[PDB]
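Numbers here are sequence positions counted from 1. Values below: all heavy atoms of this structure, side chains included; hydrogens, waters and symmetry mates excluded. Whatever order the structure lists ligands and atoms in, that order sets their numbers, starting from 1.
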Amino acid sequence: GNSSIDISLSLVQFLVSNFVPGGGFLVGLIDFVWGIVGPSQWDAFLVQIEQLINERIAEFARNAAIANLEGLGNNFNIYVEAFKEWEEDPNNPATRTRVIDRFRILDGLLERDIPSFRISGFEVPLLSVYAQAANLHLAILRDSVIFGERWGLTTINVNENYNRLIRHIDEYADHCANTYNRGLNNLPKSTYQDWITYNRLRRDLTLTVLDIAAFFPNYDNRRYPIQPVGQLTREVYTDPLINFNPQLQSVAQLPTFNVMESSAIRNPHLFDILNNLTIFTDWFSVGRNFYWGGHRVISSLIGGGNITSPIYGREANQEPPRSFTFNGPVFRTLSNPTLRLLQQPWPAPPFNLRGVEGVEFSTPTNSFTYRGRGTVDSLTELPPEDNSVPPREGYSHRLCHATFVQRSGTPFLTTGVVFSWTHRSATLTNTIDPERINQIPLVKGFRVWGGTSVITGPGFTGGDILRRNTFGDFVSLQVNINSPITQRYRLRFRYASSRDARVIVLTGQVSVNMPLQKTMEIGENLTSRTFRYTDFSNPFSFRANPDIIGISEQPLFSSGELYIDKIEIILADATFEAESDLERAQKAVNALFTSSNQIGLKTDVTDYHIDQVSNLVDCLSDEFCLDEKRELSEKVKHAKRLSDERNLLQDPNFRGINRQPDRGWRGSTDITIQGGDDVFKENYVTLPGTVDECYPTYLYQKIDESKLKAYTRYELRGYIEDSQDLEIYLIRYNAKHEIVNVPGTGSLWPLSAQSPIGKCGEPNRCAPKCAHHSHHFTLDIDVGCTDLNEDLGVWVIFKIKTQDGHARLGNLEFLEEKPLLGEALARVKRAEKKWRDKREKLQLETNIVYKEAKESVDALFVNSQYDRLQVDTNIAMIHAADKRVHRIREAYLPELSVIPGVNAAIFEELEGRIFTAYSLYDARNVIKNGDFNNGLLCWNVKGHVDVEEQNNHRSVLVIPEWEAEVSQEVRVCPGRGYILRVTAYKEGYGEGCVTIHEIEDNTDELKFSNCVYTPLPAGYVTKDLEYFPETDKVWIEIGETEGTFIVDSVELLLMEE
Ligand SMILES: [Ca+2]
Ligand SMILES: [Zn+2]
């Protein structure tokens, strides 16, 4: 029943041009199909396929299918009557009730009857009636979604029907494509006859099934709110122009299946247009028989160049070549394929000559005649889509290409031509209509970039698709714009992907930068469910008319495959973009709070995240959403204030670093604060490196005990723009320490559809193996008991000790996380116990150490006013007392030595007295710079000497050459007594010597032997003598005989008694 083709093509043209809801659409379904097909026409739908697969549907199932289709027709006709009555009078309670009732009956029948059109074992011969019923079902379900509330269905019922509709779109599409593939696969594939049958089944099922199924997604009214116009880009092939009757003639004289399929059918390709056909004429001498012996095809791409074929067949010259530049669509071929039988003598059979002797090609304005016209009419196989006009206007298909097949042997010569055709709905330009959703298959481009493949479509897309296995350029496509070029458009893709990807669209340059979500697992087959839609893009304008679109895939910042079917283009003003942006902002803000009452903030929502959401709200439209924007703005500010209230850090935005000695932040002085950058919309801190590890860059604060709760976990969190050698500590019972290296991220390079830098260089807030790749950090600490007397608190410390270290950070918070349970609780109990036990042990040790140090310091002085040294106090005794003071432990924190520990006060008391002793010692000494704390000043030097530091508080003279001498002239009181005292060490052999003398004699000396640039001694010897000058000047001379001599100090003291 070839009337099924005529019906199908007429319906398809209706779906192309008139895909709109309402009475008009339903009346169309009646006028084209359901009101004019009766039982004998349904029978013909089945016969067409039964005849090809050579199997009749079993009678029980066959009769049932036809009776069911009659029932559907009757019930749909009644539904359309009720719908029309309702449409003309929609507030009438009786028309509303009736349309609901008729809808329910028909929906119920389709649910019950669709299984009867896919009986196991007869899916293929039932497939064209299945597609009819499927199409009808999606149509009436769509009606219930769009109109159901107005009819009087509930919102619940409407949303449930929507869910059913979109599930059925996939189910029905899949059945159509799968069953198509099954039918082809089940056929024999050896002979020419097998091939004829196969290609017939492929063509007929394309026209009566696949072409209809291609429209099923358009019934999703939420995806297609505005009228869509579809295009079928697939190529179909008419029967070979070869005269053959299988009843009479041997298939042995015709090309085999594999030769036909490999020779006659094109591999997947970009959509093309027949430009020029050049035909070569050969002959067969006996009987003077001319025929089409070969040809060359020139084709064009939309907005690109020409494509040339090699010679098909032979470049024969028995008549001149005929070259036809059609300059228009060929809608009809009238062809003359002949069989000529040349007699041979008994008992040889006749020679069989098969060839094309003539073809007339018709365009709407011209005809082109290759030799002569024949009676094989393309219109028989590919009839008009509209019979209300002549074929030159109403044609369904245009000629695309021609291939050539041949077989020769004994005694025969077979040549033939095969024509391919494209459907009328595949337009010869890619035109954008502002009143439509414009559907443009990527196969309608003009350039496939390197590494992109055109592949056979899965069956439900109406044509072929594009694939890439890695990131790269897909296609370039030309578009014509049927509007002023200042109108704004939005675009989306229908795609399938086993990876998350990013797609860029260039016009004219980066117009769209769109994320593509994974739609399927690695390995999964391409079913209807795997094809999804993106959101519509940001608006853009075309730069010219026509314009060129380039599509490229890029890394989200290689896995699986990316397929793209089509791009869809809508006028921006036909959408509600500002409202869509508002609704997303609303969800983001709502997610901040614990509940819908919005009284409390979620613990796991970060301060930094709140700042990010505020940018969403701030980027909303002032033009359309001002009241709603203001209200959302209030909520996000409330969320921020809640973040501020739970933050236990003082001065979280760095307004008062070093303002107070005992509170808020303390920091080293080369830290800087800036008001914000690309990453931060708050004050943030830059920590530089340091030239010396003993003077680290630091920033710290104490959290007071009063702010803490017992048996509770706290977290420090924040955001790091970049860092190297950043150390973070949290300290209570012990120190928790991490080193955080965060590489920088890019902002300028990433190909920008929107700029990251604005006017005046302000940030645009509206623009999108051991390394700590995450910019977020979190560190927790567990509090056991609390005790305000002890006031342990928690120390927060950031430190950098390296030259090249650095950090930029902000959005710091310190917050309560959760109560402790289980092992965490047990652990903090053990940690607090251990901390107490160690503190007790430290106290006992400290009592002993302190008393020893104090007694040793006190002994340096005459009394407890600490204003006068004992005469017998020498420098070595001061250093020895000092060594006892430094035995005190935990005077400062090991993690950062500027922070006092528990024993700071007693260390500082005693150290202070040490420093008093040094100061008094200097004041008493009649020798200038006798302790070498000022280097060599006030000494006369001959030869090479050095002054060096030693722990803790010492400077020493080193004499490494015996020819070196150090001297000073000293004014003294004649007739008074003086003590000379030297603290020194002799390294190696020889003696060290300190000489004192007057202008004339009175020589005395102190000598040092080792026997009882430089690593310094652990201990020194002290010696003294009494000296009695007669004049008012002495010389003090330091030297040695050999080796090295190290002198801590020389003192000359007046005996005040
Ligand atoms: Ca010294
Ligand atoms: Zn000291």
Side-chain angles (χ1 to χ4, degrees), residues 694 846 849-861 866 869 873-892 894 897-898 900-901 903-939 941 945-960 964 966-968 970 979-987 992 994 1006 1008 1013-1024 1036 1038-1040 1044-1053:
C694 297
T846 293
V849 160
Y850 173 77
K851 194 165 191 301
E852 286 183 14
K854 184 157 207 304
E855 282 178 2
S856 190
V857 169
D858 286 352
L860 304 176
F861 297 89
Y866 305 103
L869 289 179
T873 294
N874 69 53
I875 201 54
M877 293 162 60
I878 305 173
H879 299 316
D882 184 67
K883 180 187 179 85
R884 298 182 185 275
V885 173
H886 290 251
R887 286 188 62 196
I888 293 164
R889 284 188 306 111
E890 286 184 44
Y892 300 94
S897 60
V898 298
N903 282 334
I906 60 170
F907 172 83
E908 279 159 27
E909 183 193 19
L910 293 189
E911 184 80 317
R913 311 267 185 58
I914 293 299
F915 281 139
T916 307
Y918 286 135
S919 166
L920 293 179
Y921 181 91
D922 184 73
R924 178 180 68 174
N925 192 357
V926 179
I927 297 166
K928 290 291 201 302
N929 186 35
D931 201 5
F932 301 99
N933 294 319
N934 266 49
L936 289 170
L937 297 183
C938 315
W939 294 91
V941 174
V945 303
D946 205 7
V947 172
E948 291 182 10
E949 292 204 312
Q950 185 176 204
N951 294 311
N952 295 151
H953 293 112
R954 219 198 275 258
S955 190
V956 303
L957 171 73
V958 178
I959 303 175
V966 176
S967 65
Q968 193 182 121
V970 180
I979 298 167
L980 176 73
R981 192 143 53 202
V982 173
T983 297
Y985 185 84
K986 187 69 182 70
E987 191 180 344
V994 177
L1006 297 166
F1008 291 84
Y1013 345 92
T1014 47
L1016 292 177
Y1020 293 78
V1021 183
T1022 299
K1023 294 185 186 208
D1024 51 39
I1036 295 151
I1038 313 170
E1040 67 167 7
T1044 296
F1045 186 35
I1046 299 87
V1047 177
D1048 188 4
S1049 76
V1050 183
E1051 47 174 355
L1052 185 73
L1053 332 180

For the residue pair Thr873 and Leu860, what are the closest heavy atoms and their distance?
-> OG1-O, 2.8 Å

Among the N, O or S atoms of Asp882, the one nearest the Zn ion (ligand 2) = OD1

Qualifying residues under salt bridge (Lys or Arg N to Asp or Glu O under 4.0 Å), relative to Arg981, sequence neighbours excluded = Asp1024, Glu1051

Where do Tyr921 and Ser1049 come nearest, in terms of heavy atoms and distance?
-> OH-OG, 2.9 Å

Mind checking whether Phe1008 and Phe1045 have parallel, tilted or perpendicular rings, split at 30° and 60°?
-> tilted

side-chain contact (heavy atoms from CB on, under 4.5 Å) against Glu890, all qualifying residues, sequence neighbours excluded | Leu842, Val902

Could I get the full list of ring pair (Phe, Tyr, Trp, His ring centres under 6.0 Å) partners for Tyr850, not counting sequence neighbours?
-> none

Identity of the N, O or S atom of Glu911 lying closest to the Zn ion (ligand 2) | OE1

Taking only protein atoms, how many N, O or S atoms are found under 3.0 Å from the Ca ion (ligand 1)?
-> 5

If you have a sec, read the angle at the Zn ion (ligand 2) from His953 atom ND1 over to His886 atom NE2, to 10 degrees.
-> 120°

Test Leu957 against every option in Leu936, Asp931, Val1050, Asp946 by the side-chain contact (heavy atoms from CB on, under 4.5 Å) rule and name the one that passes.
-> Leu936

